[PDB]
Amino acid sequence: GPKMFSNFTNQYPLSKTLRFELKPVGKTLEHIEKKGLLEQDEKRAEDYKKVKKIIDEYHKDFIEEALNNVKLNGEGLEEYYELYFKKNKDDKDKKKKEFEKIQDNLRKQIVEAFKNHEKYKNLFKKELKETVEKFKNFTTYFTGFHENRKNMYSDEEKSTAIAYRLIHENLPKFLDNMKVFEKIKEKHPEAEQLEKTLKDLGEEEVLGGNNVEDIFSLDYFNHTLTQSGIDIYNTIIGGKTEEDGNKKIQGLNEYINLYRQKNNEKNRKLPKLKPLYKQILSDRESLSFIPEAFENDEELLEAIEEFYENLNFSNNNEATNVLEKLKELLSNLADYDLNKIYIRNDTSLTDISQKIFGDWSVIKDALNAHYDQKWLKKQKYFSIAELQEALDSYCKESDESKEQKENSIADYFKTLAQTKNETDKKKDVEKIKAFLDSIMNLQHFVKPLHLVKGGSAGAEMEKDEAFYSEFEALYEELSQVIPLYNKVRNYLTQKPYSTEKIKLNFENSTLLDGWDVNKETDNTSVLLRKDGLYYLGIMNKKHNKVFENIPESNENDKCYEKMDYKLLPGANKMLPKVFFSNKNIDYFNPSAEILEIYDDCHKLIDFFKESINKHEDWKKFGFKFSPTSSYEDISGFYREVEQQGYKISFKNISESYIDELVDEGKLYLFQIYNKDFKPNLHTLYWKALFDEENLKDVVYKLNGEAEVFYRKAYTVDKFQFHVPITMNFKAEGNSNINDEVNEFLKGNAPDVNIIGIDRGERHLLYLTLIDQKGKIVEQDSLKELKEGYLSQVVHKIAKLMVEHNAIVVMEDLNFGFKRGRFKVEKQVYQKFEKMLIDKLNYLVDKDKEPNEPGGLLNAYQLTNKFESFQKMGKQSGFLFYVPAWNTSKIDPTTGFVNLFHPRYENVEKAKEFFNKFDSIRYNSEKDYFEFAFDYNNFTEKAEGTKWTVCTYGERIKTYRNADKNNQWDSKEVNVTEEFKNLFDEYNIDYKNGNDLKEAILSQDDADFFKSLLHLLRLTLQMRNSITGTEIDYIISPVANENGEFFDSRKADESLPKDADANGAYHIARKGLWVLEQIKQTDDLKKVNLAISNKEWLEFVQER
Ligand SMILES: [Mg+2]
Ligand SMILES: [Mg+2]
């Protein structure tokens, strides 16, 4: 259709992965249910699991034997306990680092007795009792498992290290138990429940060789190191089942839980005791007991109760209640200095913005408009004082002239700490989830004040002591939810089934099989079609030769159609392997000193061409080479050998034979079918793989590999099929079409339209297809919600392209700033951009003729591949990029923009600001005030931009942010009448038409200039919207050279009819500058396409 788009048909090969649903046919369901998947691999995996279990048992017994000999005196824990419970590490970092060094020394002492002990294990013998004497072998990756076990033996300060669990994680629990016991030692003065019932019962195996207090001695840590020590500790701390089986002796926790006879306030809030953790503890095997998924609800309840006790505690040894301590500390932020407390620059600044002001973008514009202008020198951490200074002057978009912010950040923190709900204090899943979500909310709220790692991109200047020293130690006690919550997300949400992957490989019909490359047979599968429904034909590895020497039996029987795949892969790597690198080279007789190594290239190509005719199967491809002695470097010729090698032929096979095969069980047959098997593109591509109009000149190629996905739980329900195909297989390597798109854009620009896409404030994305003369032609747009929308707007963009002969001008996120409340998140726009280029990479229309320039066999390729390049222009074919900007505030008729930036400040600045205006006159004939000025005195503009702002009126003003005292209410305000009222109130005359600058420059009242600046900022406010409704129009204060004022409500269809279409019409208008630059350039290989706010403002303003 279009003249330019016709030439962009075969630009570069593309790769896709088709997705289909398979339903088993006949006995296949029963066979896959009973026999399962490939049985040899299942048996190999079972034997591997058995030998791994044997190895794990041997490792566990060796570990226990080695740990049974370690002594405390040699380790040195006796002097380590005092340093551990001295708790002085918090006060000084030197003590903490000394403690860490001592811990490292102790862990080294622990691990140095592991490797060499007990013959260094005999796992090497097990690598070579029936399952270990002989097995499947198959050189499995047992080296990785051995390395993992060695790292588990190591001391790399990881969860796999034994010493990490025994000193870093068990020992704190031991010390906490000691500190509890030294206070509750008198819990059993009668000693009848202490020794008469426990010391003789729980130690029957050792014949009572120890006592209850023996475990409560610091010098007997070595006893609890072994698994038996942990077992006896758990039995003595939480009861034992006993040999009787029904007595169920109560543990220490139950013993202290009977303290309800002391109902006074000093008996409750009892901290639950901490049983010691045990490795290799599970129903079958735990492998050091990583608690990533737990075992049952019992351990989950134990962990939840443990954290609940650790958080609230009992207000002993100072206020240990983290919930109220953190609230008080945050409420104390105002007193602390704000010059050194830091705030994260991440998305948290949005959440702070939404609470203080109600506008999620107030803070983000304030930093990027007043603090700094370059790339802002983006740093990771801000400061409280800098944020307060920036928010103390942010142009006051629409609010009271003076805002009672005071210490806004500190007020926000202290109000959200305790005044947010006043309900911070609190087996069922509902209660646990509510508690975890409340802690999630608290942690997210307190996260901005936290310092991430150390020295993050500099900053990290000397912080205050009295606040940050407390906060860093306080946050870690509360940050423990983030991993623990994961366990809840990992245990309570688990699927009973598992997703398994099978790799398929369609059987090539060439003589390549077995001759040169037979590295991996995988699961060779065939492809069958009967009446238009294609099938998948997986065959068992035991019966690969079923489809060989099949004579079709007799005729007159119904026949399946079977594909005969013929592919020649990797011509450059495979062709010289057969000819003069292996396979009886002396038969072909190349001579010519084997062409040296691998006009010499042309001679080698001629030798290849003449030797191909010698081969029998390779001749059946019908090779049609280019004329001899016309090639580039030999590799290019290989392309032809690879390009003409692929061929698909369909033969007939007896249906009765196939049915007998599927009944026996040698053939897993799955019917390939989508739900509508609405013509999908994937169905269109699949039916074009075996199309007669496609196989004469291949455009779609079946790669050869495929994956089938199922939902094994011994029953299988869901089946999936992933087929990677190659589109535009016989396509020239003309990638990066930018060098050719610009040629046409220079050639025939006067017929090119432009499509502009903007992130609106009301609508997500807004389009505006403008002509070459600035006239709008058509304005549109209004995992399941966002993806469904982005898959519909992309279809409209890709339809307006070919239909209206237009180009697309998008926005570049990482090269600018958007000063507004754009409704599209960064992660949603960055995926719409990906889904737009992917749609324009291979754009095909079903209704078009297959050979038409936009049909199936000739598909538009309008953009290059999705590259991660971050440059100035980044022109992707016909899709241009411009720096992100808030273009909605520009006047389409004359390009006027509000660059005044007036705000209430000291009276001297207000007096000086209004002296720069040329006139403050009052046109009584048309009844509005005319501010005549020039932008040179206000900014660094071109000095030739003399405007005339007229107070036309009918503007919408937003009061404030909260409900009643503050209010989001928006009032339609008559600017002219308000100006007249203000001037009449303060004894100023304007009815005579005289200049009002002298009178304005005389009044010294602070309130008068406040109202004057508020009204002047109202007049220049163009984009004004009623909150919660669809009233959003662009009123223009400046003239139009004919005594007219732009008004989107009264505007015709040539100009934007909405305040959001003005943001998309001024992005499409940026594209016009791109077209003019392309037309007015002479390089076409190094051409600038960077939009700068200076040059484009001159461009629009000459309209
Ligand atoms: Mg925009
Ligand atoms: Mg906009």
# chains A, B, ... in the order shown; residues from 1 in each chain; ligands from 1

$ residues_near_ligand --ligand "ligand 2" --cutoff "10 Å" --atoms "only C-alpha atoms and all ligand atoms" --output "VMD selection string"
chain A and resid 757 to 766 818 to 823 885 to 889 1023 1059 to 1067

$ residues_around --residues "region 804-807 of chain A" --least-positions-apart "6" --cutoff "8 Å" --atoms "only C-alpha atoms" --output "MDAnalysis selection string"
chainID A and resid 2 751:755 769 878:879

$ closest_residue --among "A:547, A:829, A:938, A:1073" --to "ligand 1" --atoms "only C-alpha atoms and all ligand atoms"
A:829

$ atom_distance --atom1 "CA of residue 302 (chain A)" --atom2 "CA of residue 477 (chain A)"
17.7 Å

$ residues_around --residues "residue 128 (chain A)" --least-positions-apart "5" --cutoff "12 Å" --atoms "only C-alpha atoms" --output "list in words"
residues 51, 122, 123, 133, 134, 135, 136, 137, 138, 139, 140 and 142 of chain A

$ residues_around --residues "residue 949 (chain A)" --least-positions-apart "4" --cutoff "10 Å" --atoms "only C-alpha atoms" --output "PyMOL selection string"
chain A and resi 896+920+928-933+1016+1019-1020+1036-1039

$ closest_residue --among "A:287, A:890, A:32, A:303" --to "ligand 1" --atoms "only C-alpha atoms and all ligand atoms"
A:890

$ select_by_dssp --residues "region 856-995 of chain A" --states "strand (DSSP E)" --output "list in words"
residues 879, 880, 881, 882, 883, 922, 923, 928, 929, 930, 931, 932, 948, 949, 950, 955, 956, 957, 958, 970, 971, 972 and 973 of chain A

$ write_last_selection --atoms "C-alpha atoms" --output "mmCIF file, in the first residue's frame"
data_model
loop_
_atom_site.group_PDB
_atom_site.id
_atom_site.type_symbol
_atom_site.label_atom_id
_atom_site.label_comp_id
_atom_site.auth_asym_id
_atom_site.auth_seq_id
_atom_site.Cartn_x
_atom_site.Cartn_y
_atom_site.Cartn_z
ATOM 1 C CA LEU A 879 9.959 4.805 15.669
ATOM 2 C CA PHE A 880 11.677 7.950 16.929
ATOM 3 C CA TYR A 881 12.402 8.917 20.528
ATOM 4 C CA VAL A 882 12.328 12.363 22.129
ATOM 5 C CA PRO A 883 13.381 13.332 25.681
ATOM 6 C CA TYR A 922 -6.388 46.929 31.880
ATOM 7 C CA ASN A 923 -8.227 46.635 28.552
ATOM 8 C CA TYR A 928 -9.369 41.901 30.972
ATOM 9 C CA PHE A 929 -5.916 42.737 32.296
ATOM 10 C CA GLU A 930 -2.946 42.753 29.913
ATOM 11 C CA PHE A 931 0.497 41.939 31.309
ATOM 12 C CA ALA A 932 3.012 43.037 28.672
ATOM 13 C CA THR A 948 1.150 39.670 26.100
ATOM 14 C CA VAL A 949 -0.680 37.674 28.771
ATOM 15 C CA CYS A 950 -4.401 38.428 28.953
ATOM 16 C CA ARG A 955 -10.030 29.169 35.366
ATOM 17 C CA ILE A 956 -10.225 26.359 37.921
ATOM 18 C CA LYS A 957 -8.384 26.695 41.237
ATOM 19 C CA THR A 958 -7.724 23.857 43.691
ATOM 20 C CA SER A 970 -11.914 22.928 42.811
ATOM 21 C CA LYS A 971 -13.709 26.206 42.101
ATOM 22 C CA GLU A 972 -14.193 27.861 38.740
ATOM 23 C CA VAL A 973 -12.706 31.299 39.437
#

$ select_by_dssp --residues "region 192-380 of chain A" --states "alpha helix (DSSP H)" --output "number ranges by chain"
A: 212-215, 221-225, 227-238, 252-257, 297-312, 322-331, 348-356, 362-366

$ residues_around --residues "residue 1082 (chain A)" --least-positions-apart "4" --cutoff "12 Å" --atoms "only C-alpha atoms" --output "list in words"
residues 742, 743, 746, 1077, 1078, 1086, 1087 and 1088 of chain A

$ closest_residue --among "A:698, A:622, A:1032, A:812" --to "ligand 1" --atoms "only C-alpha atoms and all ligand atoms"
A:812

$ residues_around --residues "residue 152 (chain A)" --least-positions-apart "6" --cutoff "9 Å" --atoms "only C-alpha atoms" --output "MDAnalysis selection string"
chainID A and resid 158:162 288

$ write_last_selection --atoms "C-alpha atoms" --output "CSV table (one decimal), in the first residue's frame"
chain,number,residue,atom,x,y,z
A,158,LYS,CA,27.0,-18.9,54.7
A,159,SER,CA,23.9,-20.8,55.9
A,160,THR,CA,25.6,-24.1,54.7
A,161,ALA,CA,28.5,-23.8,57.1
A,162,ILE,CA,28.3,-25.9,60.3
A,288,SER,CA,21.5,-29.1,57.1

$ residues_around --residues "residue 213 (chain A)" --least-positions-apart "2" --cutoff "10 Å" --atoms "only C-alpha atoms" --output "ChimeraX atom specification"
/A:181,185,194-195,199,210-211,215-217

$ closest_residue --among "A:514, A:189, A:902, A:756" --to "ligand 1" --atoms "only C-alpha atoms and all ligand atoms"
A:756

$ decode --residues "region 140-180 of chain A" --atoms "N, CA and C atoms" --output "compact mmCIF listing (two decimals), in the first residue's frame"
# COMPACT_ATOMS: atom_id res chain seq x y z
N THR A 140 27.23 -38.33 35.27
CA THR A 140 26.41 -37.28 35.85
C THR A 140 27.28 -36.25 36.57
N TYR A 141 26.70 -35.07 36.81
CA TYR A 141 27.41 -33.96 37.42
C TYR A 141 27.47 -34.11 38.95
N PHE A 142 28.04 -35.24 39.38
CA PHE A 142 28.29 -35.45 40.80
C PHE A 142 29.36 -34.51 41.33
N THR A 143 30.18 -33.93 40.45
CA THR A 143 31.19 -32.97 40.88
C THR A 143 30.55 -31.74 41.50
N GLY A 144 29.43 -31.28 40.93
CA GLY A 144 28.72 -30.16 41.52
C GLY A 144 28.19 -30.46 42.91
N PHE A 145 27.63 -31.66 43.10
CA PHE A 145 27.17 -32.06 44.42
C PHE A 145 28.32 -32.14 45.41
N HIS A 146 29.46 -32.69 44.97
CA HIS A 146 30.63 -32.76 45.84
C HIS A 146 31.12 -31.37 46.23
N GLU A 147 31.13 -30.44 45.27
CA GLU A 147 31.52 -29.07 45.56
C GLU A 147 30.55 -28.42 46.54
N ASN A 148 29.25 -28.67 46.37
CA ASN A 148 28.26 -28.12 47.30
C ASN A 148 28.47 -28.67 48.70
N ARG A 149 28.74 -29.97 48.82
CA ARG A 149 28.99 -30.55 50.14
C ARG A 149 30.28 -30.01 50.75
N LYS A 150 31.30 -29.77 49.93
CA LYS A 150 32.54 -29.19 50.44
C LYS A 150 32.32 -27.76 50.93
N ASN A 151 31.54 -26.97 50.19
CA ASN A 151 31.20 -25.63 50.64
C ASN A 151 30.39 -25.68 51.93
N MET A 152 29.52 -26.68 52.06
CA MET A 152 28.82 -26.91 53.32
C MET A 152 29.82 -27.20 54.43
N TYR A 153 30.86 -27.99 54.14
CA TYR A 153 31.94 -28.21 55.10
C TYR A 153 32.75 -26.95 55.38
N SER A 154 32.74 -25.98 54.47
CA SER A 154 33.61 -24.82 54.57
C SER A 154 33.07 -23.84 55.61
N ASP A 155 33.72 -22.68 55.73
CA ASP A 155 33.40 -21.66 56.72
C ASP A 155 33.30 -20.29 56.06
N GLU A 156 32.57 -20.22 54.95
CA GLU A 156 32.46 -19.00 54.16
C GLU A 156 31.38 -18.05 54.67
N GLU A 157 30.97 -18.18 55.94
CA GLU A 157 29.95 -17.33 56.54
C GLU A 157 28.64 -17.40 55.75
N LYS A 158 28.23 -18.63 55.44
CA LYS A 158 26.99 -18.90 54.73
C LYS A 158 26.12 -19.84 55.56
N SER A 159 24.86 -19.96 55.15
CA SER A 159 23.93 -20.84 55.87
C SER A 159 24.33 -22.30 55.78
N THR A 160 25.16 -22.67 54.80
CA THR A 160 25.60 -24.05 54.66
C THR A 160 26.69 -24.43 55.66
N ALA A 161 27.40 -23.45 56.22
CA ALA A 161 28.50 -23.75 57.13
C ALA A 161 27.98 -24.27 58.46
N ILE A 162 28.64 -25.32 58.97
CA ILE A 162 28.28 -25.87 60.28
C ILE A 162 28.55 -24.85 61.38
N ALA A 163 29.72 -24.20 61.31
CA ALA A 163 30.11 -23.25 62.35
C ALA A 163 29.19 -22.04 62.37
N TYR A 164 28.67 -21.64 61.21
CA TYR A 164 27.71 -20.54 61.17
C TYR A 164 26.46 -20.88 61.98
N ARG A 165 25.99 -22.12 61.87
CA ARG A 165 24.83 -22.54 62.64
C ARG A 165 25.18 -22.77 64.10
N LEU A 166 26.40 -23.17 64.41
CA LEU A 166 26.71 -23.54 65.78
C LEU A 166 27.14 -22.37 66.65
N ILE A 167 27.73 -21.33 66.07
CA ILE A 167 28.22 -20.17 66.82
C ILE A 167 27.38 -18.93 66.54
N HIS A 168 27.11 -18.64 65.27
CA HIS A 168 26.35 -17.43 64.95
C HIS A 168 24.87 -17.56 65.25
N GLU A 169 24.29 -18.75 65.16
CA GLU A 169 22.85 -18.89 65.19
C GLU A 169 22.35 -19.77 66.33
N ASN A 170 23.06 -20.87 66.65
CA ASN A 170 22.72 -21.63 67.86
C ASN A 170 23.20 -20.95 69.14
N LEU A 171 24.44 -20.45 69.14
CA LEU A 171 25.00 -19.88 70.37
C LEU A 171 24.22 -18.69 70.92
N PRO A 172 23.71 -17.75 70.11
CA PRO A 172 22.84 -16.72 70.70
C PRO A 172 21.63 -17.29 71.41
N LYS A 173 21.02 -18.34 70.86
CA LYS A 173 19.91 -18.99 71.54
C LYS A 173 20.36 -19.63 72.85
N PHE A 174 21.55 -20.25 72.85
CA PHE A 174 22.08 -20.82 74.08
C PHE A 174 22.29 -19.75 75.14
N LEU A 175 22.85 -18.61 74.75
CA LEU A 175 23.08 -17.52 75.69
C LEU A 175 21.77 -16.93 76.20
N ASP A 176 20.78 -16.79 75.32
CA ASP A 176 19.48 -16.30 75.76
C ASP A 176 18.83 -17.26 76.74
N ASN A 177 18.96 -18.57 76.49
CA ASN A 177 18.45 -19.56 77.43
C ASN A 177 19.17 -19.47 78.76
N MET A 178 20.48 -19.25 78.74
CA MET A 178 21.24 -19.08 79.98
C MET A 178 20.76 -17.85 80.74
N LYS A 179 20.54 -16.74 80.04
CA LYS A 179 20.11 -15.52 80.70
C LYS A 179 18.70 -15.65 81.25
N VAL A 180 17.86 -16.46 80.60
CA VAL A 180 16.54 -16.75 81.16
C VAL A 180 16.66 -17.64 82.39
